[PDB]
Structures are given as structure tokens and as C-alpha cells.
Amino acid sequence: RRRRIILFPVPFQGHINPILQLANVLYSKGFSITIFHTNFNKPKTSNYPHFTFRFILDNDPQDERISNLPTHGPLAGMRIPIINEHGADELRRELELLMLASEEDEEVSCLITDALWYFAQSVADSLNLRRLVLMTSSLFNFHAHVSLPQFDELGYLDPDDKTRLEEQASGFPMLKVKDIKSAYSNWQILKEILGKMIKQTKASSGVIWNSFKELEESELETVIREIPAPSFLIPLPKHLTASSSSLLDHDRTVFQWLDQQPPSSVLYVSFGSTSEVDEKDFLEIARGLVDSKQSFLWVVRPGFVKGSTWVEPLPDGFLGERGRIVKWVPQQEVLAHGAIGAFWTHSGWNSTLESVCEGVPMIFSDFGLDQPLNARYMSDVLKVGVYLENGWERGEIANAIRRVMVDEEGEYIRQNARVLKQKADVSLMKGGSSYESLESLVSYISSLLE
């Protein structure tokens, strides 16, 4: 292969997944692939015999700054600003080492990083290496991020202010103030990071968005205005599932059980790869699921319940005939199964986009960051689900599950989800927005060294 691309993901499930999907898409277009990855949260490299992995940044002896960080929960993500602040030298060494060891007939076309590795732009510039960015969150979120200075001066980022929570955001009517407070809160660390992420995204040679035009058409002018480099909208879950990059073992016994269910009769429930709840809320969710009277498959990741290894507070047999709890599944493959009628999601972008691409309507909860914005956009703009925007109460949970899955009143939501899937499929056909994005990305990358 004449042209190599180096990809560098952020080492969490929701960032590794789209990077490795992208890597596969690019591999199928004729590029050779090297993945730079931390030892921390590494995927199974034996699932990717066609990729070269190079492990960087936390090899032994480990950096004192990284070493003692926990491997789960809130503070595991501190690896991100820490690597941004201290990783440049190593990244440069690793890139050079690879460029120096390459064959005569092989060139490195570009580096593709997660947008959150904003430090990588200066490193790539210092080597005369083009950097492209993969955004793993939505165009709508980007629009909100660039609007932060307006939100700041309007008073929305003061958490002591608890007025106007249910009002539309001034100059940004698609959101309510409470959505902005949940997304950004007071967090200075987030403000700093988003600021740098945005600045170095604008300075990059191109931006790949895990999305499609017909999903976020209202947000496209903002991106074209804010980012001078080309943007490419490719909905990665339509090209392939992220099964190979799973960091946990799959419970595939779920498929035998799904095969015993009537069509569209199962609620799939999963709150993603990093979320956690109090014991009280875990129990309220379980009761809502039971009260709904619908069959459900609930992925509860070990560590999801604060206080318990897995699901010890749950009484033995509490889920009845109708419910099953597992640790981890191949989520997109589950969402593609005929038994699934709805998806109760935490509104992480990969999960939301996967559900959209499989035509599965949603119930939304959120745990902050981009999640409330994704929930709001999907529930109010696209209208492909119901947003549980006021906590966990069994009655509310039960009503929402029933509305999406069974009520005649929710038929429009189910239909909206079916049609949105079809638009995703059409976008991949010749002349479609996604097809043209991918063709242009390949031509653009191939032109970078010329």
C-alpha cells in the first residue's frame, strides 16, 4: 500500500469505537493503517490483524501524573488534559520514529486524531505532517461549544442562578437553559479544554464528523462558517459496527433470548461505558422497567451502581419473565435485531447514532456533557424519542417506555425513527451526502502530499 494513515484515539470506548470504524473505512479504500494508542483501555489488537498498533504515552516506567489515576469513573478522564499538557515530546518522537522506519515506496499521508487531542496539531505542524480531526460528538454540540462565550455573558454558566431553567436559551432556541447547565455546569476545566479543542480543530487540515447531513442539517452552516478546512460527514455505524473494538467481553447469549421475543417487543436499556448511578436511582429505574410491563434487556456495566460490584441491591427474581440483565453486549447488533422496539439510552453520541442508523426510537436520560444536547435535539428537533428530563420516577419511566413502544400516540416517533434510518441509508448511495463525503475525504487525503 502506497499511503499510510496514522490514527490516534482517546482511550475510552466512545472514542475508540469511531476511530477504529473510521480506520476500517479508510483501510477498505486502500490505505495502510497504524493506530497509536495508550496501554490504558487498549482494544484487542488480535481483532485487527490488518492494522499496526504502536503503544505510546504510558509505557513502563509510567509517568507519575498518569500512574495513580483510577481506571474508572469521573477521574479516569483526567488522562486527557494530562496527555494534552505533557505528551507532545513523546508523540513527536513516535511519529518521527515511524516516518524514519517507513519503506521507500510508502508515505504517511496524514495523522487523524480525536479532536480532544488538541496538543497533536503543533506536533504534526512541527513535522510538516497534516492533521485531520475526528469529531466523536455531534455538529449540534459543536455549535453549542462555539456559543459558550454568549452563554457565559448571558449568565447560563453560573450554577447558583436557578432561574429560567425551563426557558429557551436566548439566541439558541433549540435548547432550554437547564440543558446548558447540565452540559457545561460551572466546569472551568471543560471550558479550557473545549476552547483549545475548538482552536486546534479550526487549525487542522480537515474535520471528519461521525454524522450525516440529513441528521443535523440545521448545524451545517455553523461548521462551514467556523472551520476553514473541509468537513466530511460520514455516519460510521452505517459502514460497520464497533464490535471489534469492544473493551469488555460480549454476552452473546442475549441473541437466543431475543430470538424468543415477538417483533418490536423488547426495550433495550444501556447507559453506556462510563456512567454511574446511586443505589436509590438504580432501584427506581428497575421499578420503572417492571411497571412498564414491557420485555427488556438491560445492560448494567459492572460499576454502574455506586456501592456495588454489579447488581447486588436488586432482589433475586425482581425482573420476572420479561427482563434480563447482562454486563455487556454487541450493542449495534442488538439494536439491529427484530425484537428491539425501543432504546432507553443515556444519549451518548455513538449510542444515539447507532439507534438512528438501526431505526430504533429512543427514551433519553442523560449524565451531562454532550448527552442533554443530544437528547434535546433528538427528542425536539428530529422527534425520534422521548426525553426523561426531570430525573428518575417509576411512573414517568413507565409512561415513556409505553409511549414509545406501544401507545398509538407514539406511532409518529416510531415512524420518525424508521424514516431517519432510511435517510441514513439513502445518504450512502451514489450522490448521497455521506457517499460524497467519503469520496471527497479519500481524494483529499490522497492529495495532501502533492
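Rigid core (definition): largest C-alpha set, two forms, superposition within 1.5 Å. Note that residue numbering begins at 1 and tracks the sequence as displayed.
Novice: In 7 other deposited structures of this protein, superposed on the rigid core, which stretch sits farther off in Cα RMS terms, 341-349 or 308-316?
Specialist: The stretch that sits farther from the shown form in 7 other deposited structures of this protein is 308-316.
Novice: Consider 68-76 and 109-117 separately and indicate which one has Cα atoms farther, on average, from the shown form in 7 other deposited structures of this protein after rigid core alignment.
Specialist: Greater root mean square C-alpha distance in 7 other deposited structures of this protein: 68-76.
Novice: Among other entries of this protein with both neighbours modelled, does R376 go without coordinates in a third or more of them?
Specialist: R376: modelled in all of the comparison entries.
Novice: Checking the other compared PDB entries, only those that cover the residues flanking it, does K178 lack coordinates in at least one third?
Specialist: Result for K178: never missing in the compared entries.
Novice: Could you check the entry and say whether 274-282 or 339-347 has the higher mean CA B-factor?
Specialist: That would be 274-282.
Novice: Mind pulling up the entry and telling me whether 419-427 or 42-50 has the higher mean Cα temperature factor?
Specialist: If you average the C-alpha B-factors of 419-427 and of 42-50, the larger mean comes out for 42-50.
Novice: Looking at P235, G320, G195, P262, which has the biggest Cα B factor in the entry?
Specialist: Highest C-alpha B-factor among the listed residues goes to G320.
Novice: If you check the C-alpha B-factor for each of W392, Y387, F31, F36 in the entry, which is highest?
Specialist: Spelled out: the listed residue with the top C-alpha B-factor is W392.
Novice: If you rank every modelled residue in this chain by C-alpha B factor, which third holds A398: lowest, middle or highest?
Specialist: It falls in the top third of the chain.
Novice: Please say which third, lowest, middle or highest, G303 falls into when its CA temperature factor is compared across its chain.
Specialist: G303: CA B-factor falls in the highest third of its chain.
Novice: If you rank the chain by CA B-factor, which third does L449 end up in: lowest, middle or highest?
Specialist: CA B-factor rank for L449: highest third.
Novice: Considering every modelled residue of the chain and its Cα B-factor in the PDB entry, is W310 in the lowest, middle or highest third?
Specialist: According to the entry, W310 has a C-alpha B-factor in the chain's highest third.
Novice: Which third of the chain holds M174 when residues are ordered by C-alpha B factor: lowest, middle or highest?
Specialist: CA B-factor rank for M174: highest third.
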